[PDB]
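Just so we're on the same page: letters track the sequence lines, and every chain starts at 1. Computation of the quantities below employed the complete heavy-atom set of this structure, encompassing side-chain atoms and omitting hydrogens, waters and symmetry-equivalent molecules.
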Amino acid sequence: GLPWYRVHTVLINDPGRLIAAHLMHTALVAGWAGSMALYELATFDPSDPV
Amino acid sequence: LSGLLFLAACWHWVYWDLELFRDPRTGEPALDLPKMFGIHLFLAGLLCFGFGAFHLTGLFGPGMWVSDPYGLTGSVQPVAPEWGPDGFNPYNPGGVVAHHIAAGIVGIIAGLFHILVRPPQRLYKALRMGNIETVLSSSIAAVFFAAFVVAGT
Amino acid sequence: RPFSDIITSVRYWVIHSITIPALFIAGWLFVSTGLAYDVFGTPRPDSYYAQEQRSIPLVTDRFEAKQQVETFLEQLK
Amino acid sequence: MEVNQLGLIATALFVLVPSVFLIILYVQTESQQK
Amino acid sequence: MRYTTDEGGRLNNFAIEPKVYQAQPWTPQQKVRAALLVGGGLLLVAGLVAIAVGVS
Amino acid sequence: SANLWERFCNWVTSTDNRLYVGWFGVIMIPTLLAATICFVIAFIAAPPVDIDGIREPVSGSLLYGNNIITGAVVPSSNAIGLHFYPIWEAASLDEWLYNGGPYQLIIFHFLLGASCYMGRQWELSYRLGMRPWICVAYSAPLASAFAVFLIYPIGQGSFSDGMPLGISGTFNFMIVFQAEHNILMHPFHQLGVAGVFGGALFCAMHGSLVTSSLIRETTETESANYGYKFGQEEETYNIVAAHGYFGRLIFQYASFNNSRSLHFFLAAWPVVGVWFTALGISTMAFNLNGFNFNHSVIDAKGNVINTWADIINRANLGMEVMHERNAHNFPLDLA
Amino acid sequence: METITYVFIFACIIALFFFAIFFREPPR
Amino acid sequence: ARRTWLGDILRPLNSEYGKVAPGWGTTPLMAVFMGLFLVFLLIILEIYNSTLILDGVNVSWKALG
Amino acid sequence: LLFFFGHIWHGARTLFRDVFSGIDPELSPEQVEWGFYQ
Amino acid sequence: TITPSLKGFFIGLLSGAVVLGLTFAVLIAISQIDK
Amino acid sequence: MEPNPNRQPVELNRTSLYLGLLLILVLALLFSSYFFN
Amino acid sequence: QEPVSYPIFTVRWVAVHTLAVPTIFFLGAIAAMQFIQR
Amino acid sequence: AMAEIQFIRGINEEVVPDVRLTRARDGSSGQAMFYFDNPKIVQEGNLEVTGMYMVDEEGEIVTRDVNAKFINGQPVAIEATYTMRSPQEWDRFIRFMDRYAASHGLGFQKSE
Amino acid sequence: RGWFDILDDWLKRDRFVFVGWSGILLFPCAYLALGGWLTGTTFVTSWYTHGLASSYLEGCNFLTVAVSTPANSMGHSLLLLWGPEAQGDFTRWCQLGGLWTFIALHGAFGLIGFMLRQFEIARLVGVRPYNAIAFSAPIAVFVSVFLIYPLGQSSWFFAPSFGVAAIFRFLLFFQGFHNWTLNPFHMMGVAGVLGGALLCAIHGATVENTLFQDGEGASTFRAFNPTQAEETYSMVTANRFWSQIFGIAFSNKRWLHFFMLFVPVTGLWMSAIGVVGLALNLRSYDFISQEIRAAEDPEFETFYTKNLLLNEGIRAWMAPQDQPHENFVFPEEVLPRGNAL
Ligand code: CLA
Ligand code: CLA
Ligand code: CLA
Ligand code: CLA
Ligand code: CLA
Ligand code: CLA
Ligand SMILES: C=Cc1c(C)c2cc3nc(c4c5[nH]c(cc6nc(cc1[nH]2)C(C)=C6CC)c(C)c5C(=O)[C@@H]4C(=O)OC)[C@@H](CCC(=O)OC/C=C(\C)CCC[C@@H](C)CCC[C@H](C)CCCC(C)C)[C@@H]3C
Ligand SMILES: CC(C)=CCC/C(C)=C/CC/C(C)=C/CC/C(C)=C/CC/C(C)=C/CC/C(C)=C/CC/C(C)=C/CC/C(C)=C/CC/C(C)=C/CC1=CC(=O)C(C)=C(C)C1=O
Ligand SMILES: CCCCCCCCCCCCCCCC(=O)OC[C@H](COP(=O)(O)OC[C@@H](O)CO)OC(=O)CCCCCCCCCCCCCCC
Ligand SMILES: CC1=C(/C=C/C(C)=C/C=C/C(C)=C/C=C/C=C(C)/C=C/C=C(C)/C=C/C2=C(C)CCCC2(C)C)C(C)(C)CCC1
Ligand SMILES: CC1=C(/C=C/C(C)=C/C=C/C(C)=C/C=C/C=C(C)/C=C/C=C(C)/C=C/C2=C(C)CCCC2(C)C)C(C)(C)CCC1
Ligand SMILES: [Cl-]
Ligand SMILES: [Mn+2]
């Protein structure tokens with residue numbers, strides 16, 4: 001039945017799956033931090049800072 | 001860190017039926033929201049205290065980034081805390097060290113408090129606690145308050 | 001109670017046809033005696049400019065602001 | 001004039017990703033009836 | 001569980017909230033089990049203002 | 001066959017057609033179809049159009065280096081004035097493209113077609129036997145288009161003073177118009193602004209109030225058609241906090257207590273508004289400008305005091321001098 | 001580069017018009 | 001359900017679940033902490049804004065001097 | 001500024017919960033019907 | 001020691017205290033007469 | 001595992017596709033001018 | 001709504017007197033401003 | 001009577017509804033559905049409805065959420081709903097309904 | 001019953017106008033803002049903070065008066081009366097533009113009280129609070145343009161002054177410096193507001209012409225005012241007309257009245273995003289391709305380059321006395337002119 005703006009309302013009545021989702025969001029955030037780090041260490045120039 | 005988190009997330013999705021999350025007098029899921037906020041406030045407070053007292057101070061950590069007014073010679077150095085009325089100078093590093101110690105102690109105090117007192121009835125019925133959708137309501141307000149003030153700072 | 005009935009009730013008339021003119025006249029004298037200009041700090045229309053100056057009074061410091069206005073007003077600007 | 005090589009990739013992704021998302025939901029709920 | 005919204009034949013879900021319950025005055029076991037925690041708290045915050053005085 | 005005319009009249013006036021094609025519609029499809037085919041070809045690929053008659057052109061086409069926002073169909077040359085300029089009055093195809101021919105084709109067919117749309121509206125509503133007044137509410141955008149595309153050009157003396165058909169072209173027209181006539185201080189433009197903000201506002205109010213009161217709606221459906229009992233359930237109570245605000249403002253201003261004045265008022269507001277500004281644009285076509293104040297405050301020393309009106313006059317002057325390549329000796333002008 | 005992208009997006013709007021008129025969902 | 005060791009250890013930590021101390025409780029005590037916090041926010045807002053000047057504090061970059 | 005709209009939407013959905021759904025969580029689901037008919 | 005702006009803040013919170021004290025005081029009084 | 005009891009399906013009917021696709025393709029036409037610069 | 005007896009202070013009473021008295025003072029101000037010679 | 005139902009204060013509704021009285025999991029809560037078949041307020045009037053007031057010698061039970069049914073623009077029925085969330089409120093409603101059904105008629109049923 | 005409950009019930013009594021808890025913040029703040037503007041357009045000067053005249057006392061008509069912003073030399077000051085710049089002196093406080101901040105902040109609190117009033121009324125009646133949600137569009141607009149934007153510029157001087165001509169000046173200033181019409185978020189806003197007015201007119205007309213019993217000696221009487229309508233017409237008629245003219249129609253009334261709510265509200269939200277972008281002076285002024293082509297080739301003219309020339313003019317001829325605290329003086333051989341091109 002659910003519209004496209006009610007799909008994550010099936011976690012409301014069980015915490016186990018809610019925590020699965022929350023752990024997942026956290027994985028993505030740490031991954032983005034690391035991946036973005038590595039990427040701009042490939043474009044940073046340390047010879048001249050001034 | 002992401003790899004480990006992805007695995008634990010998988011673990012918590014396949015195993016979803018754990019009686020901890022149920023309450024067994026009626027066998028249907030519920031949380032104990034005041035107790036949760038208290039536990040996590042205790043953790044938040046102790047981490048804030050540790051971060052201020054060991055990392056920022058340079059007591060065992062490296063300290064923080066300090067500069068001169070014109071930003072010519074800046075470097076990483078220890079910082080002493082400052083609790084006088086010059087600690088609310090928002091261009092004084094010391095105010096930041098003072099804040100994390102102090103805020104941490106408030107966190108410990110309040111965190112213990114919320115384990116050892118239950119809510120009163122008038123608030124529990126007013127703010128409609130026991131409904132996980134109200135915790136979210138409060139958190140969004142806090143989170144956008146924080147974003148606005150860091151945008152300005 | 002409809003407003004029409006209390007507006008043409010004798011209790012209204014006996015006090016209010018005495019107080020209404022008093023308010024109108026109090027406003028009229030607040031302007032006509034020159035006082036309106038002295039309370040809200042609005043300049044008189046012969047005096048926006050000093051004799052010496054052809055430049056506008058303009059504020060340039062926030063903590064010595066009232067000082068700068070006090071100075072601008074003595075030179076009749 | 002200099003037209004970006006990456007302006008084209010933004011355009012391409014901007015349309016193609018949401019369109020295939022909605023289309024997959026639609027065919028999924030059509031096989032829900034039949 | 002929640003079966004809702006025949007507007008388009010649709011679904012919407014909402015929380016199941018626990019029942020309210022007026023507390024019972026504490027047993028002496030509950031008092032002494034609580035006493036350990038608050039006493040621990042007292043000395044813990046004392047010790048941290050102590051570390052705070054040292055690091056300045 | 002039954003001899004094609006009888007079949008043809010049934011075909012045209014049928015209301016079992018998926019899209020009604022009336023007798024207004026019979027004029028409407030060729031005109032609108034010509035207008036749009038010419039428009040898209042011209043927008044993409046019409047070569048630059050000289051617009052001041054000095055042999056310096058402006059590019060509005062997309063294959064000549066524009067994007068969606070900077071492109072336009074550029075108006076007719078200033079040399080032409082208000083002359084009717086069909087393609088057989090030119091002597092070559094390239095010079096008809098160089099003088100801005102197509103723009104006139106588009107707008108003439110567009111106004112014919114958009115009028116026939118109103119006609120087609122009136123006719124269909126007459127066939128179903130309902131109060132035919134959807135058409136008078138549409139007559140407001142239609143009045144507006146006459147005012148902006150046909151009348152202000154005629155009043156000024158040329159179709160070179162028309163609105164370009166493009167995104168940045170409209171912005172250019174608006175800014176230059178404010179520069180020459182001071183539209184903001186024209187009270188009719190103010191009525192126009194009021195009308196469209198108030199329309200948007202009453203749209204949000206009406207929608208919000210109605211969707212809070214509806215409960216469930218269902219009407220019986222068959223395997224070929226619809227039912228005859230439209231079921232509807234709503235809330236039927238309100239409080240005295242929408243009685244000092246809504247009740248004794250609306251019962252007093254609508255001049256009725258009846259609910260049927262709601263939907264009458266909803267459409268009246270923006271329609272009146274857009275008529276008023278549509279009228280105003282035409283009065284400036286004969287150069288009746290809006291209020292402007294210069295030197296409305298002077299002190300008793302004989303020195304001038306400025307006010308906000310004078311700042312707007314400065315900004316207007318700034319725009320207006322930039323618009324004038326033609327000469328630096330211009331004292332008092334237009335048209 | 002840019003103009004092909006522009007006309008392609010245009011073309012699929014007008015196609016979507018055609019689809020909305022002659023293939024609407026039968027409401028039952 | 002899935003009987004498991006860490007779940008049984010954490011079991012007594014989620015076992016009150018809707019219990020409340022009668023009536024108003026410490027609402028009047030909350031209001032005291034609440035008000036103090038608002039007054040604190042005003043003090044540290046006006047110091048930043050240079051509307052409250054407290055001698056010996058200089059709100060500029062030149063305090064890293 | 002977007003999290004502002006977020007805040008009001010969720011703040012509404014928790015206080016007006018009893019009207020967004022027809023049922024009240026105060027009531028435990030209904031188990032047995034009584035009538036009243038002439 | 002006290003600076004003038006600090007007195008000004010003290011003035012400020014004292015007028016704040018007064019005006020809310022009054023508003024709730026008269027509303028509590030007005031409500032509890034005609035209850 | 002044992003089936004989740006909170007499993008519900010997800011809907012999207014044709015007219016929502018039409019509307020949604022219109023919005024996607026239209027939004028692309030507005031912002032593509034700025035992406036290409 | 002508000003009792004017909006109407007004691008001297010009433011929610012209605014203050015509402016119509018905080019929009020009556022300043023306006024009669026202010027219209028008397030503006031009227032006087034009309035006869036000021038520029 | 002010694003119990004009656006009004007939708008507007010000061011005048012009585014003179015049409016008698018059918019009532020579903022549902023019991024929650026053993027009685028501390030429940031909810032009552034009234035169905036009114038073409039009441040007098042639905043035929044005539046211009047006074048704003050403000051909930052349903054169940055008035056009797058013991059006071060008032062005031063409830064909102066009164067709905068109407070319109071068919072082709074004709075209002076034909078009113079639905080009203082009251083919810084009981086304390087045993088006090090619940091047994092209170094049963095006593096009011098006993099006084100109402102006794103004074104306006106007629107029987108009462110139950111099904112298990 | 002305790003004193004809190006007696007007080008609470010008395011605030012929720014049946015009156016001509018509802019007061020409620022939200023009224024307690026609403027009515028003082030709104031009244032004082034409204035009176036503050038009324039006494040400012042009537043007595044208070046602007047002669048020391050802009051060198052302009054904008055008062056009936058100074059002699060001006062309805063359209064050219066304003067309550068005007070403070071100077072640029074005041075920074076981001078709150079301008080309290082007891083603060084260290086007016087130091088408790090009324091005349092200085094009106095002269096320095098302190099009345100501007102009075103209106104802005106009290107009006108923000110009036111708006112907060114009003115959305116809370118909508119919630120409170122909705123909950124005691126028991127309807128959904130959708131009209132409060134609709135009212136977040138004005139608040140978005142207000143807090144983005146009267147509060148967030150000046151807190152990004154340099155002072156409250158570029159905040160929009162309360163007045164008719166004073167806002168007309170804002171429009172030209174935005175048209176000239178930021179080129180606001182070319183920003184996409186404002187494009188989306190114009191479309192939304194005009195679209196709201198469009199749905200308003202069409203709805204209003206097509207409900208009026210499809211009523212049940214437009215003759216027949218209408219035998220329906222209730223009304224039932226809160227319905228607003230939405231059974232006094234046949235939906236089937238309406239659908240069947242529109243589905244032939246435009247080739248599409250609604251078939252569900254609920255979604256129509258939600259679309260009407262959706263359109264003008266989304267419009268204002270997109271524009272609110274746009275102007276919080278301008279606060280950091282992040283604008284789209286130009287397309288880089290057109291500038292490089294125009295630098296390489298000066299036989300290139302478009303309606304967009306033309307806009308750039310006009311904007312270039314607005315700034316230089318308006319600025320020296322729009323921003324007098326910058327003390328620009330521009331010779332008349334350096335001011336832009338079309339005939340120099
Ligand atoms: C703009 C309107 C708006 C609306 C509709 C909501 C709605 C709501 N909020 Mg929210 N809130 C808002 C703005 C708003 N909030 C803002 C801007 C903040 C600050 C970030 C908060 C922070 C907040 C929190 C954290 C919580 C709520 C809660 C609530 C809900 C509880 C009941 C209630 O009505 O409280 C409304 C009451 C208030 C908003 C209090 C107003 C306080 C004032 C008048 C302070 C004045 C201070 C001082 C005298 C003057 C300062 C001067 C200044 C220049 C320095 C609720 C309906 C709770 C909730 O989520 O409920 C589910 C909860 O956890 N509110
Ligand atoms: C609902 C009531 C209400 C609200 C919300 C406001 C809101 C506001 N008013 Mg205001 N005002 C009101 C009614 C109200 N007004 C009334 C009725 C009057 C007429 C008498 C005024 C007259 C007035 C003036 C003349 C001015 C304002 C100003 C202000 C604003 C600036 C912020 C400020 O100074 O906060 C003041 C608030 C505080 C300092 C917080 C007080 C907190 C309290 C009560 C707690 C104290 C506890 C304890 C004793 C503290 C111990 C501390 C210790 C431990 C150190 C703010 C917009 C000024 C303004 O807008 O400047 C731009 C301004 O000029 N007000
Ligand atoms: C397990 C510990 C851990 C540690 C030590 C770090 C360490 C680091 N992370 Mg990190 N991170 C972690 C886990 C960790 N990460 C996790 C789990 C996530 C995913 C959610 C991330 C996501 C993350 C991101 C996205 C980023 C980092 C970055 C960084 C690095 C730069 C410093 C910084 O950004 O600090 C700045 C930290 C702050 C400003 C924190 C402010 C905290 C707020 C405002 C809390 C207020 C709420 C509180 C409860 C209020 C009440 C308090 C109460 C006590 C009274 C630092 C090397 C950055 C980087 O360079 O990555 C390469 C970056 O962009 N982290
Ligand atoms: C002796 C101990 C001590 C000391 C020296 C400090 C020192 C500090 N604290 Mg503090 N604090 C302490 C104890 C202490 N704290 C304790 C015990 C608590 C409670 C646990 C707090 C709670 C606290 C809070 C809540 C905050 C601080 C912040 C800060 C610091 C920033 C100063 C600044 O930049 O202002 C910076 C900014 C302001 C003064 C503005 C505040 C704005 C307000 C309150 C309203 C926002 C309104 C609206 C949502 C915004 C719209 C914006 C839009 C118009 C653009 C400073 C380093 C602040 C911080 O981290 O800022 C970055 C902050 O917000 N502390
Ligand atoms: C902060 C956390 C938070 C959380 C946990 C929720 C949780 C929820 N919201 Mg809420 N919401 C939030 C923030 C949040 N929201 C914000 C900031 C707003 C303001 C815009 C809203 C406005 C909102 C509305 C208006 C509604 C919800 C609804 C919902 C529920 C529906 C399911 C869903 O996932 O949508 C399903 C997924 C989509 C709609 C797809 C979104 C595609 C987008 C636009 C983003 C793509 C990814 C993005 C670019 C990643 C970066 C994020 C950025 C913030 C950094 C869900 C329980 C709905 C509800 O209550 O259902 C009953 C409902 O009507 N939310
Ligand atoms: C021709 C078409 C057109 C249209 C349709 C729009 C549409 C819009 N423009 Mg505009 N604009 C245009 C052309 C157009 N623009 C041009 C050519 C320019 C030249 C540069 C501008 C420059 C411009 C600027 C500079 C700004 C806009 C803004 C806006 C938007 C905000 C909504 C609004 O009106 O807020 C109006 C104000 C409000 C909604 C606040 C209402 C506040 C309250 C409720 C006060 C209380 C009222 C009352 C006293 C209470 C009564 C009580 C009583 C009944 C009991 C809207 C999206 C604004 C915007 O997007 O901001 C986000 C903005 O800052 N526009
Ligand atoms: C400039 C255009 C504009 C104005 C003037 C305006 C006005 C208003 N909108 C309201 C509401 C709304 N507006 C809505 C949507 C919209 N509103 C829009 C545009 C506007 N809305 C748009 C475009 C939309 C579409 C999305 C909705 C959905 C609502 C409502 O629900 C609401 C309402 O109740 O409508 C009837 C009213 C709030 C009444 C109230 O109790 O105020 C409370 C505030 C008070 C009493 C005072 C506030 C503070 C003051 C005095 C400061 C401002 C400055 C002064 C007035 C000084 C003069 C300023 C000069 C420029 C003239 C008010 C008449
Ligand atoms: C080669 C070529 C030619 C290239 C193309 C060149 C070109 C110029 C391209 C333009 C691209 C461009 C710049 C686009 C920018 C605009 C853009 C992206 C806008 C959309 C994004 C946006 C603004 C979103 C937020 C605001 C928003 C939601 C606005 C909505 C606007 C909107 C659709 C308004 C409604 C219009 C409309 C006609 C509605 C009529 C509805 C209707 C038929 C109702 C009839 C009806 C009424 C009743 O009352 C009842 C009862 C029934 C039953 C019933 O049926
Ligand atoms: C000032 C402009 C020129 C004069 C007014 C023109 C009104 C045109 C309305 C067009 C709206 C779009 C069509 C949809 C709506 C539509 O179909 O309405 C139709 C309606 C007439 O139909 P009714 O069914 O109401 O009446 C049956 C008639 O046949 C016999 O009475 O029009 C009016 O009543 C117009 C007002 C005349 C009576 C009032 C006096 C005129 C001034 C007051 C109202 C108008 C101005 C102020 C409004 C805020
Ligand atoms: C398993 C494992 C592993 C691996 C893992 C990995 C490999 C990871 C990574 C991860 C990652 C690497 C991730 C990433 C992610 C990302 C993301 C998540 C992103 C997002 C984004 C966004 C969200 C955006 C947005 C936006 C846009 C797009 C535009 C505009 C702006 C914005 C911001 C809006 C290891 C071996 C180690 C260990 C063992 C196990
Ligand atoms: C500032 C201030 C304040 C305040 C004050 C106030 C609060 C005031 C008020 C005031 C007011 C409150 C005023 C009023 C005024 C009004 C008027 C002046 C009116 C007029 C009107 C008329 C004249 C009418 C007209 C019309 C209309 C409206 C519509 C239609 C048309 C006609 C013509 C009929 C305070 C003390 C707090 C503090 C310090 C400062
Ligand atoms: Cl030009
Ligand atoms: Mn011209």
Quick one: do the N:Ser68 and N:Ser161 side chains pair a donor with an acceptor below 3.5 Å?
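On atom types as modelled, these side chains do not qualify, holding no pair under 3.5 Å.
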
Do N:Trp21 and N:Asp8 meet the criterion of a side-chain donor-acceptor pair at a distance under 3.5 Å?
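Distance-only check passes for N:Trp21 and N:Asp8.
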
For [X], which atoms come within 4.5 Å of any heavy atom of chain J: side chain, backbone, both, or neither?
X       : answer
N:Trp10 : side chain
N:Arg13 : side chain
N:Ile24 : side chain

Mind telling me whether N:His106 and N:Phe102 have parallel, tilted or perpendicular rings, with 30° and 60° as the class edges?
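Tilted, since the angle between the ring planes falls between 30° and 60°.
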
Heavy-atom pair with the smallest gap, counting every atom of N:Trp156 and N:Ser77:
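Taking N:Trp156 first and N:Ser77 second, the nearest heavy atoms are NE1-O, 2.9 Å.
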
